Amino acid sequence: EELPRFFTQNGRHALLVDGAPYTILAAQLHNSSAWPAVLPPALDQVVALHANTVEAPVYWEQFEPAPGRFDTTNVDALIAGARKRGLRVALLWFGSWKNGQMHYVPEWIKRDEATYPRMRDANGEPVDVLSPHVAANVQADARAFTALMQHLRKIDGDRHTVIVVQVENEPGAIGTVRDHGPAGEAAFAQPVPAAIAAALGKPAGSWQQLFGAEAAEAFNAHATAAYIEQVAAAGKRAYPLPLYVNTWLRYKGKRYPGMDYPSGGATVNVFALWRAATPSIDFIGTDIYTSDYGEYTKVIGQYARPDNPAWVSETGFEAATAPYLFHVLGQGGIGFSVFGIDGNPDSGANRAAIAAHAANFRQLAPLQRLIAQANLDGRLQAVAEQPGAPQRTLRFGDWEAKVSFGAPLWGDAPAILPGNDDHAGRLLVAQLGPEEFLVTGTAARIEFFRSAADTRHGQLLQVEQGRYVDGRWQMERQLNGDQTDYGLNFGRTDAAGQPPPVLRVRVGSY
Amino acid sequence: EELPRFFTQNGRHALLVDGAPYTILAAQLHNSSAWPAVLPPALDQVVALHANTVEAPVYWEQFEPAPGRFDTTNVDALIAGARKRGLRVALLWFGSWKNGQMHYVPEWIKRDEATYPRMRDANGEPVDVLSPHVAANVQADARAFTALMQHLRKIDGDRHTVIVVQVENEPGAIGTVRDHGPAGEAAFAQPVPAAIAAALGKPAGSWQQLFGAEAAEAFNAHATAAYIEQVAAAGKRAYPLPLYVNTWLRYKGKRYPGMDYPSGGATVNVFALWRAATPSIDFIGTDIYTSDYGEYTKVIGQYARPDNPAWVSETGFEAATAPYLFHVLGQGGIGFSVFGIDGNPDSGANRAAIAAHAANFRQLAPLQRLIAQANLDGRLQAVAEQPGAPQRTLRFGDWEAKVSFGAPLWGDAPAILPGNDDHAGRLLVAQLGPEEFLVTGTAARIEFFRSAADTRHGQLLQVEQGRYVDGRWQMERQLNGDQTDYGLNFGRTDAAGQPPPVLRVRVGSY
Amino acid sequence: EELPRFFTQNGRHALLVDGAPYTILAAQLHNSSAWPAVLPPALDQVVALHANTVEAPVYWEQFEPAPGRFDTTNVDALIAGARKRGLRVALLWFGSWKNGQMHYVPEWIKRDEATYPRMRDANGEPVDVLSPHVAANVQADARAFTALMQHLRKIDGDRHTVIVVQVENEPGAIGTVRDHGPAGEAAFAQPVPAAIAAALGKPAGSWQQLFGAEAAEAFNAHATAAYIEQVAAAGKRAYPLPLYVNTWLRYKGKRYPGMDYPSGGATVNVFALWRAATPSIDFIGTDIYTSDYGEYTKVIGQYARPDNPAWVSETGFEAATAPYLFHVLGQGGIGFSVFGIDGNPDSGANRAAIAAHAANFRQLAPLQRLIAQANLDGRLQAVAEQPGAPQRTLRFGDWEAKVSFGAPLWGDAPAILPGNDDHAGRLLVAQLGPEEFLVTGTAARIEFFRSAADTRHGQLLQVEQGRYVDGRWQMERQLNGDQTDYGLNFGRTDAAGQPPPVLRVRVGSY
C-alpha cells in the first residue's frame with residue numbers, strides 16, 4: 001500500500017499512513033531498552049497502554065560496530081516485536097547527537113578525536129559533542145543513516161511497520177554555545193550564507209549584524225541544521241519515509257544555550273532559521289516535560305504554525321499530563337507521546353500514569369482515523385481543562401457547544417463552577433455533518449446551543465451512545481431524560497479499565 | 001390466570017396479581033437503559049437486589065418511529081428478559097410527558113410544532129411541553145398508547161408478566177404555570193366545567209373565584225389530568241391492566257409550580273381535582289427523593305387516603321432509604337421501589353445501597369403474599385425508626401407490642417433508649433390468628449404484653465425461628481431462654497447476605 | 001468649598017470632592033444600625049477599618065412618621081457621628097424600594113392600600129411593592145426625598161459631610177415581573193414612549209415588538225426607572241449632590257426576574273433602557289456578593305462603560321474579597337465598599353475580614369487623592385491575582401511592568417509560578433511622570449522592563465520606600481541590592497496592622 005507520507009494543505013497538516021490521515025498515540029521505551037532481551041516485556045507494557053505506535057531507538061553504537069560493517073540484530077528485533085503486537089513504529093536514530101552529546105557514536109569514532117574532532121569550548125577544552133564543521137563527521141553519520149534506511153526499505157518496504165523516523169535526538173551542543181576549534185572559528189568569521197538571509201527576509205551581513213547578541217547561538221543552530229540536512233537528505237534518497245527531529249526546548253525559564261538546553265537545536269528563538277536549512281526534515285516535535293497549563297499551552301502555540309504541525313514527540317509519563325492529549329489534538333496535532341513507560345519501580349504515581357494514559361489511548365484508539373481526517377478537514381475541536389477557567393465555548397457555525405468542568409454528573413451546575421479537583425477534564429468534538437457531532441472525553445459536561453440568525457429553536461433529536469468496532473458504529477443505547485436533562489456528562493474510567501463513552505449527537509430545529 | 005386488578009374494600013386497597021393480593025418490591029432502571037444491548041446486565045442487577053418487579057420505560061420515540069408504524073423490539077426484549085429472570089414488569093409509558101417535558105415524543109412530532117403545538121409561557125415563548133389544549137396532541141398520545149396496550153394483550157394476555165402500567169411519567173408543565181397559547185387563553189376565560197366543581201363541592205364560577213391565587217395551577221392540573229384521562233381510557237378499552245401515574249411532588253419547600261415541580265401534576269394541593277378528572281387512572285404513586293423522617297412520613301401521610309393507597313413508585317437508591325419500606329407497608333402500602341439501580345459508578349455509597357435494599361427485599365420476598373393479604377385485611381403493622389423517638393407501641397386488641405430501637409442484642413435496655421447510630425431500625429408484625437404473630441425486621445427489639453380486662457396473665461408459648469420455602473414454613477429452631485429473656489431481638493445482615501430472621505410467635509394466658 | 005460633583009471626561013470618570021477627584025473607600029453599617037444608640041460603637045468600627053466614607057441608611061419610616069411632619073433625629077445623629085470621627089457620609093435613602101420591596105415605607109402608607117396601591121402579581125394577589133403606575137406613590141416618595149435633601153442643604157451645605165446620595169436601595173419588584181393591576185395593565189398595552197425607542201435606536205412599536213421575550217421586564221424596568229427619575233429630579237432641585245442607585249444584579253446564574261432579583265432594577269439586560277429614563281441619576285453601583293474571580297471580573301466589565309464608572313456599592317465583608325479593591329481601581333473605579341461590618345458575632349472569619357480590609361484601606365487611604373487623579377487621567381493600573389494565571393504585564397509606553405504572584409519574597413522565581421495559596425495578591429501602579437512610578441500592593445512581585453525602539457538599555461536609578469503623611473512623601477529608606485535583585489517584593493501585613501510599603505520608582509536608560 002502507499003508509503004507513509006507527511007502532507008500539508010491550506011495550513012493544516014496530516015500524517016498519511018496507508019493512504020489516509022493517521023493520529024499517532026505513542027509510548028516511548030527508555031533509552032537503554034532497545035535490546036533483544038528487554039524488548040518483549042517492554043513492548044508488552046506498550047500494548048497495556050493501548051498505544052498504536054512505539055517509539056524506540058536504533059543506536060549508532062551497535063548498528064555500525066566497525067567501519068562499513070552493519071549489524072541489524074536490534075532493529076530487526078524491534079520491528080519483529082512490534083509486528084507481533086500489532087504496533088506501528090517510530091524509529092529514533094541515536095546518531096551524532098543524543099541530548100546534545102555524542103555518547104551514542106560508535107567506539108571507533110570515540111577513539112579517534114583526530115579524524116573525528118570534538119567541539120572546543122570558550123576555554124579551548126573539548127566537549128562531548130562532535131564538531132559540526134568537519135566533513136568527516138557529517139559524512140560518517142550520513143553514511144550510516146543511509147545504511148539503516150536502505151535496510152529499512154528492504155525488510156519493511158511493503159509492510160511499512162516503521163511509520164516515521166526521527167533524525168538524531170534533541171540535537172545541538174551541551175558544553176558550549178559554538179565550536180571554537182579552527183574550522184568553527186573560520187566559519188564564524190565568514191558572513192551568513194545568502195540563501196539563509198533571503199529565507200529570513202534579511203540583507204546580507206555577518207552573524208552579529210543579522211542576529212545581534214544571538215550571533216553565536218544562531219551560527220551553531222545553522223551549523224547543526226545544515227549537518228542534519230545532509231544526513232536527512234541521504235536517508236531520503238534511500239527510502240523517503242517522513243522525517244522529524246525532536247527538541248529539548250527553550251522553556252521553563254531556560255535561558256543559557258549550551259547549559260540549560262543544547263545550543264543550536266530547533267528552539268523557538270531560531271526556529272525559522274533552523275527550518276530554512278532543513279528541507280529534508282518534514283516536521284519538528286516538542287519534548288514537553290511540565291504539568292503547568294500555561295506553559296504547556298504556550299509551547300504548543302509556539303510550534304503549531306502554518307509550516308509545522310503540533311506534535312508532542314515526548315511528554316512526562318505522569319497522570320497530570322493526560323489531559324493535554326486533547327489540547328494537542330485541539331490545535332491540529334498529529335500525535336502525542338509519553339516517554340519512559342517500561343520497567344519503572346512500582347509506585348502509586350507509576351500506576352496512576354498507566355491508568356490515566358491507558359484510558360484515553362483506549363478511548364481514542366478506535367477513533368483515530370476519524371479524528372485524524374477531521375483534524376485535516378478542520379472539523380475537530382478539543383480542549384483540556386484550565387484551572388482558573390472551568391468553561392470553554394466551541395463554535396460550529398449555527399451551533400455552539402458549552403463545555404463545563406467540575407459540574408456534577410447529574411443535576412444543576414453550581415452558580416460558580418469549581419472545576420475538577422485534579423483538573424483532569426477534557427473533551428473532543430468532531431463535526432460529522434451540518435447537524436451531527438461525535439463527542440467524547442473525561443470529567444466534563446457539554447451543552448449544545450443554537451443561534452443561526454433564524455427565528456427557529458434548537459433541540460436535541462437523537463443521542464446515541466456507542467462504540468466503533470473496526471470502523472462500524474455499534475449503538476449500545478440512546479440517551480434521553482436524566483442522561484440529557486443537564487447536558488451530556490462524561491465521568492471517570494472505572495477500575496476495570498473502561499473509559500467514558502463515545503456519543504453521536506444529531507441536532508435539529510423547530 | 002386472572003387479569004391483574006386493583007382492588008378497594010372498606011377504605012383498604014390491594015393489587016390483585018394471579019387472584020391474590022401482591023406486594024410490589026420493585027427496582028427501576030435508569031431512563032436510558034431500556035435498550036436490547038443493555039437490558040441483560042441491567043436486569044441481572046435487579047435480580048441481585050431480589051426484587052420481584054422491574055420498572056422500565058417504553059419510549060414513544062422508538063415505539064412509533066413513523067405515524068402509525070409501531071416497533072416492538074424494545075418492549076419485547078424487556079418482557080423476554082423479565083420472564084427469563086423470574087420478574088414481573090411495571091411498564092412506564094414515556095409519552096407526552098416525562099418530568100414535565102416532551103423529550104420522549106417522536107421526532108415527527110418534534111419537527112412539527114404547528115400541527116403539535118407546544119405550550120407558551122407568560123412571555124409568549126415556547127417551552128418543552130406539548131399543549132394540553134389541542135386535540136392533535138392528546139389524540140396522537142392516545143392512539144399510540146392504544147397500540148401498546150393492544151400489543152401487550154397479544155403477547156402477554158395469558159402470562160401477565162406486565163403487572164401495572166404507568167401512564168406518562170411525572171406529568172405537568174415545566175417552563176410555565178399554564179398555557180398562554182390561543183387555545184389555553186380561551187379555555188382559561190371559560191368557567192370551571194360543571195362536573196369538577198360538583199365533585200369538589202364548589203359553586204359554579206370562574207377559576208379565580210373557586211381557586212383564588214391557585215387559578216392558573218388548578219387550571220393546568222385539570223387540563224393535564226383530562227388529557228391523561230383520554231389516553232388512559234383508550235388504553236383501558238384495549239387491555240384494562242391497572243394504571244397509575246407518578247408524581248414529582250410539592251414537597252421539601254418546593255413552592256413554584258412550573259420551576260420547582262411540574263405545574264399541573266397530581267400534587268397534594270390539587271389532588272382531589274386531579275382524581276375527579278381521571279376515573280381511568282387507578283392510583284397515584286409518590287416519587288420521594290429524601291431521607292428525612294418527617295418529610296418522608298408527611299408525604300406518605302398525604303397520599304395514603306381512603307381513595308388512594310400508599311405506593312412509592314420511586315425513592316432514592318441509597319442505604320438511608322431502606323427503613324421506609326416498612327413505614328410504607330405499615331400505612332397500607334402496596335409497593336416500594338428504588339430508582340436508578342443499574343450501572344452506577346462503584347462507590348461505598350452504591351455498595352451500601354445495594355446491600356441495604358437487597359437485604360430487606362431478600363427478607364420480605366418469600367413473605368410478600370402473606371404481607372399483602374394481611375395488609376388488605378388490616379392485620380399488618382410495621383414501622384421505621386424515628387430519630388428522636390426510638391419507641392413505638394403496636395396495638396392488637398388484647399395484646400400490645402413494644403418496639404424499641406438501640407437496645408443491645410441481649411440484656412437490659414438502658415434507661416434512655418439511644419436509637420441506632422444509623423437509624424436503620426424497622427420491624428413488621430402480621431397478626432396471623434387471635435394469638436399468633438409473624439415478626440421480622442432489622443435492628444429492633446419487640447416485647448409482647450397482654451392487658452385484655454381479664455384477671456389472666458399473658459405468657460409466651462412458642463417462638464419458631466425459620467423461613468418460608470415456596471410458601472412452606474420451615475422451622476430452624478425455637479427461641480427461649482436468653483433469646484427470649486429481653487424481648488425478641490433482630491440484628492444485622494451478615495456479610496454473606498443473610499438478613500435477620502423471620503419469627504412465628506404464639507402467645508397464651510393462665 | 002465646592003459642591004461634591006460627578007464628572008465625566010474622555011470616557012473616564014471621577015467623583016469630585018472639595019474640588020478634586022476622590023476615591024471612596026467605604027464601609028456600610030447593617031440595615032438596622034442607623035439608630036442613635038447604635039451609631040457611636042458602630043461608627044467606631046468603621047474608623048477601625050480606616051475607611052474614609054461610611055454608608056448608612058435614612059429610613060422613610062422614621063423620617064416621615066406622619067404626613068408632612070419630618071423627624072431629622074437619626075440623620076442628624078449619623079452626620080454628627082461622622083464629623084466627630086472624620087468620616088464622609090454616603091447617605092442611603094430607604095424609600096419606596098429596599099431590596100425590591102416597600103418595608104421601609106411609612107406606616108400611614110402601609111395602612112392605606114386604597115390610596116397607595118401595591119403591585120398585583122400574575123395571580124391578582126398583592127405583593128410587598130408599591131405600584132409604579134399610580135401618582136400617589138411616586139409623589140409621596142419624591143416629596144419626602146425633597147424634604148430630606150432640603151434639610152441636608154440646610155445643615156451640611158457648607159461642610160459637605162454627605163458626599164453622595166443613594167436613591168432607593170436595590171429597586172425593582174420582588175414577587176412579580178410587572179404590575180397586573182388596572183393601571184399597569186393599561187400602560188403595558190400602550191406602545192413604548194417614542195423617546196425611549198429613539199434613545200435605544202429602535203423603531204416605534206409595542207413592548208413585545210421592541211423587546212421580545214423581555215417585554216414585561218423591560219416595561220417594569222422603565223416604570224421603575226422613571227418613577228425614580230421623578231424622585232431624583234425633585235431632590236436635584238433642592239440640593240444637587242451626586243445621586244446613584246445600587247443594583248441587585250442579574251449574575252451568578254440568577255435568571256428569574258421577580259424572584260432571583262428585583263424585576264426592573266438597573267440590571268445588565270436593561271441597562272441602556274434604565275439610564276435613558278434617569279438623567280437625574282449620575283451613576284450605577286454594583287452589589288457584588290461573590291468571591292469568584294471570573295464572576296467578579298465579569299460584572300465589573302458589564303458596568304465599567306463610557307457612560308458609567310466602576311463603583312462597588314456593596315461587597316461581602318470577608319477576607320476573600322479584599323483583592324478586588326485593586327481590580328476595581330484598575331478598571332477606573334471610583335469607590336469600593338464592604339457591607340455589614342458592625343456588631344457581627346466574633347469568629348475567625350469576621351476577624352480575618354476586619355484585618356484584610358483595614359489593611360488595604362490603611363495602605364490606600366493616604367494615597368486616595370493621588371489615586372483618584374491618576375485614575376481620571378488614565379495613568380493608573382492595578383490588578384488582582386487570578387487563580388489560573390499568576391502573571392500580568394502592565395504597559396506604560398516605553399516601559400513595561402511584569403507582575404508575579406507566588407514568587408518568594410527574595411530569590412529566583414520558580415520555573416512555574418504557583419500563585420499565592422489564598423490568592424491574596426494585588427498590586428497598583430500610578431505613573432507619576434515619564435519615568436517615575438508609584439507602586440504598592442500585597443503579596444506580589446513587580447519587575448520593570450524597557451523596550452522603546454531605542455538602542456538604549458533600561459536601568460533602575462532610585463527606589464524610595466516610605467509613606468504619605470498628610471500629602472507628604474516621607475522616605476524611610478532607599479531600596480537597592482538584595483531588595484532590588486529580584487524585582488520589588490511586597491509581602492504581608494504584620495500582626496501590628498502595618499501593611500506592605502509604598503514605593504516610588506524612578507527609572508532611566510544608558
# chains A, B, ... in the order shown; residues from 1 in each chain; ligands from 1

$ closest_atom_pairs --of "chain C" --to "chain B" --cutoff "8 Å" --atoms "only C-alpha atoms" --output "tab-separated table"
residue	atom	partner	partner_atom	distance
C:123	CA	B:213	CA	5.1
C:124	CA	B:213	CA	7.0
C:125	CA	B:213	CA	6.6
C:212	CA	B:123	CA	8.0
C:213	CA	B:123	CA	5.2
C:214	CA	B:123	CA	7.2
C:215	CA	B:123	CA	7.3
C:216	CA	B:123	CA	7.4

$ select_by_dssp --residues "stretch 145-272 of chain B" --states "strand (DSSP E or B)" --output "list in words"
residues 162, 163, 164, 165, 166, 167, 168, 169, 173, 243, 244, 245, 246, 247, 257, 261 and 263 of chain B

$ write_last_selection --atoms "N, CA, C and O atoms" --output "tab-separated table (two decimals), in the first residue's frame"
chain	number	residue	atom	x	y	z
B	162	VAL	N	-46.34	-8.32	32.53
B	162	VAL	CA	-46.63	-6.94	32.88
B	162	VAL	C	-47.78	-6.90	33.88
B	162	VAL	O	-48.88	-7.41	33.61
B	163	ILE	N	-47.55	-6.26	35.02
B	163	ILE	CA	-48.48	-6.28	36.13
B	163	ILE	C	-49.22	-4.96	36.27
B	163	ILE	O	-50.39	-4.94	36.63
B	164	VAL	N	-48.54	-3.83	36.01
B	164	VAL	CA	-49.12	-2.49	36.13
B	164	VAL	C	-48.47	-1.63	35.05
B	164	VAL	O	-47.38	-1.93	34.56
B	165	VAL	N	-49.15	-0.54	34.68
B	165	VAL	CA	-48.66	0.36	33.64
B	165	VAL	C	-48.74	1.80	34.14
B	165	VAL	O	-49.77	2.22	34.66
B	166	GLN	N	-47.64	2.53	33.99
B	166	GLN	CA	-47.57	3.93	34.37
B	166	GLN	C	-47.83	4.78	33.13
B	166	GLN	O	-47.15	4.62	32.10
B	167	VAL	N	-48.83	5.65	33.20
B	167	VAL	CA	-49.27	6.45	32.06
B	167	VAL	C	-48.60	7.82	32.19
B	167	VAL	O	-48.93	8.59	33.09
B	168	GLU	N	-47.68	8.10	31.27
B	168	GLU	CA	-46.78	9.25	31.34
B	168	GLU	C	-45.83	9.06	32.53
B	168	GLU	O	-45.88	8.05	33.24
B	169	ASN	N	-44.98	10.06	32.78
B	169	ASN	CA	-44.02	9.99	33.87
B	169	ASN	C	-43.85	11.39	34.44
B	169	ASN	O	-43.30	12.27	33.77
B	173	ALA	N	-46.31	20.64	33.76
B	173	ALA	CA	-45.67	21.58	32.85
B	173	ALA	C	-44.45	22.20	33.52
B	173	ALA	O	-44.57	22.84	34.58
B	243	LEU	N	-53.67	0.88	36.01
B	243	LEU	CA	-52.95	2.04	35.51
B	243	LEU	C	-52.67	3.01	36.66
B	243	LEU	O	-53.52	3.20	37.54
B	244	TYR	N	-51.49	3.64	36.65
B	244	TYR	CA	-51.17	4.63	37.67
B	244	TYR	C	-50.34	5.75	37.07
B	244	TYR	O	-49.87	5.66	35.92
B	245	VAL	N	-50.19	6.84	37.83
B	245	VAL	CA	-49.30	7.93	37.48
B	245	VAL	C	-48.45	8.24	38.71
B	245	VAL	O	-48.89	8.10	39.85
B	246	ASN	N	-47.21	8.64	38.45
B	246	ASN	CA	-46.25	9.02	39.48
B	246	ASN	C	-46.14	10.54	39.51
B	246	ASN	O	-46.46	11.23	38.54
B	247	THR	N	-45.67	11.07	40.64
B	247	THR	CA	-45.84	12.48	40.96
B	247	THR	C	-44.53	13.11	41.40
B	247	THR	O	-44.00	12.79	42.48
B	257	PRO	N	-44.77	26.30	41.06
B	257	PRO	CA	-45.20	25.38	40.00
B	257	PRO	C	-44.77	25.91	38.65
B	257	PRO	O	-45.04	27.06	38.30
B	261	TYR	N	-41.57	22.21	40.47
B	261	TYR	CA	-42.24	20.96	40.15
B	261	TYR	C	-43.16	21.21	38.96
B	261	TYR	O	-43.53	22.36	38.69
B	263	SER	N	-46.03	22.09	36.99
B	263	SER	CA	-47.34	22.66	37.24
B	263	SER	C	-48.40	21.77	36.63
B	263	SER	O	-48.38	21.51	35.42

$ residues_around --residues "stretch 489-497 of chain A" --least-positions-apart "6" --cutoff "8 Å" --atoms "only C-alpha atoms" --output "CSV table (one decimal) with N, CA, C and O atoms, in the first residue's frame"
chain,number,residue,atom,x,y,z
A,355,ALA,N,-2.8,4.0,34.4
A,355,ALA,CA,-4.2,4.0,34.3
A,355,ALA,C,-4.7,5.3,33.5
A,355,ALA,O,-5.6,5.1,32.7
A,359,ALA,N,-6.2,4.9,29.6
A,359,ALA,CA,-7.6,5.2,29.5
A,359,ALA,C,-7.9,6.0,28.2
A,359,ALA,O,-8.8,5.6,27.4
A,409,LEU,N,-22.3,15.0,37.9
A,409,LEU,CA,-22.6,14.0,36.8
A,409,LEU,C,-24.1,14.2,36.5
A,409,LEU,O,-24.5,13.8,35.3
A,410,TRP,N,-24.9,14.6,37.4
A,410,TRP,CA,-26.4,14.8,37.2
A,410,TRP,C,-26.8,16.1,37.9
A,410,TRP,O,-26.3,16.4,39.0
A,440,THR,N,-16.6,13.0,23.0
A,440,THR,CA,-16.1,12.1,24.0
A,440,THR,C,-15.0,12.8,24.8
A,440,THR,O,-14.5,13.9,24.4
A,441,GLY,N,-14.8,12.3,26.0
A,441,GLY,CA,-13.9,13.0,26.9
A,441,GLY,C,-13.9,12.3,28.3
A,441,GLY,O,-14.4,11.2,28.5
A,442,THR,N,-13.4,13.1,29.3
A,442,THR,CA,-13.3,12.7,30.7
A,442,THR,C,-13.6,13.8,31.6
A,442,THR,O,-13.2,15.0,31.3
A,443,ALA,N,-14.5,13.6,32.6
A,443,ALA,CA,-14.8,14.5,33.6
A,443,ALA,C,-15.2,15.9,33.0
A,443,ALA,O,-14.7,16.9,33.3
A,444,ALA,N,-16.3,15.8,32.2
A,444,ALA,CA,-16.7,17.0,31.5
A,444,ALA,C,-18.2,17.0,31.2
A,444,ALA,O,-18.8,15.9,31.2
A,445,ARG,N,-18.8,18.1,31.1
A,445,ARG,CA,-20.2,18.3,30.7
A,445,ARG,C,-20.2,19.2,29.4
A,445,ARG,O,-19.5,20.3,29.4
A,446,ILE,N,-21.0,18.9,28.4
A,446,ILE,CA,-21.1,19.7,27.2
A,446,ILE,C,-22.6,19.9,27.0
A,446,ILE,O,-23.5,19.0,27.2
A,483,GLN,N,-30.2,11.4,31.4
A,483,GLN,CA,-28.9,11.4,30.8
A,483,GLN,C,-28.8,12.6,29.8
A,483,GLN,O,-27.7,12.7,29.1
B,345,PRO,N,-21.4,4.2,39.0
B,345,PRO,CA,-20.0,4.1,39.4
B,345,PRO,C,-19.8,3.5,40.7
B,345,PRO,O,-20.5,3.9,41.7
B,346,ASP,N,-19.0,2.5,40.8
B,346,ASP,CA,-18.7,1.8,42.0
B,346,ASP,C,-18.2,2.8,43.1
B,346,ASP,O,-17.4,3.7,42.8

$ select_by_dssp --residues "stretch 209-441 of chain A" --states "helix (DSSP H, G or I)" --output "PyMOL selection string"
chain A and resi 209-238+268-276+293-303+319-321+324-330+348-377

$ residues_around --residues "residue C:397" --least-positions-apart "2" --cutoff "10 Å" --atoms "only C-alpha atoms" --output "short mmCIF file (atom, residue, chain, number, x, y, z; two decimals) with N, CA, C and O atoms, in the first residue's frame"
data_model
loop_
_atom_site.label_atom_id
_atom_site.label_comp_id
_atom_site.auth_asym_id
_atom_site.auth_seq_id
_atom_site.Cartn_x
_atom_site.Cartn_y
_atom_site.Cartn_z
N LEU C 394 1.92 45.01 32.66
CA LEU C 394 1.37 46.36 32.63
C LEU C 394 2.21 47.20 31.67
O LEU C 394 3.42 47.31 31.85
N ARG C 395 1.57 47.76 30.65
CA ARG C 395 2.27 48.55 29.64
C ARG C 395 2.14 50.03 29.95
O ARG C 395 1.04 50.53 30.19
N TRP C 399 8.00 51.66 28.81
CA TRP C 399 8.29 50.76 29.91
C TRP C 399 7.15 49.77 30.12
O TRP C 399 5.98 50.07 29.86
N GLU C 400 7.52 48.57 30.58
CA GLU C 400 6.58 47.52 30.94
C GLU C 400 6.87 47.03 32.35
O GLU C 400 8.02 46.98 32.78
N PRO C 434 7.15 60.63 33.18
CA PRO C 434 7.61 59.78 32.06
C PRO C 434 8.45 58.58 32.49
O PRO C 434 8.48 57.57 31.76
N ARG C 450 12.34 47.83 29.82
CA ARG C 450 12.33 48.85 28.77
C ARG C 450 12.45 48.21 27.39
O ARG C 450 13.21 47.25 27.19
N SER C 451 11.70 48.75 26.43
CA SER C 451 11.81 48.34 25.03
C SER C 451 12.09 49.56 24.15
O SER C 451 13.24 49.79 23.74
N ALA C 452 11.04 50.32 23.84
CA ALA C 452 11.07 51.73 23.44
C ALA C 452 11.66 52.03 22.07
O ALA C 452 11.78 53.21 21.71
#

$ residues_around --residues "residue B:70" --least-positions-apart "5" --cutoff "10 Å" --atoms "only C-alpha atoms" --output "count of residues only"
9

$ atom_distance --atom1 "atom CA of residue B:258" --atom2 "atom CA of residue B:272"
19.9 Å

$ residues_around --residues "residue A:295" --least-positions-apart "2" --cutoff "12 Å" --atoms "only C-alpha atoms" --output "list in words"
residues 249, 250, 251, 252, 253, 288, 289, 290, 291, 292, 293, 297, 298, 299, 300, 301, 302, 324 and 386 of chain A; 388, 389, 390, 415, 416 and 417 of chain C

$ atom_distance --atom1 "atom CA of residue C:80" --atom2 "atom CA of residue C:344"
23.7 Å

$ residues_around --residues "residue C:313" --least-positions-apart "2" --cutoff "12 Å" --atoms "only C-alpha atoms" --output "PyMOL selection string"
chain C and resi 24-28+53-56+90-92+164-166+169-170+244-249+283-289+300+309-311+315-316+325+328+333-340
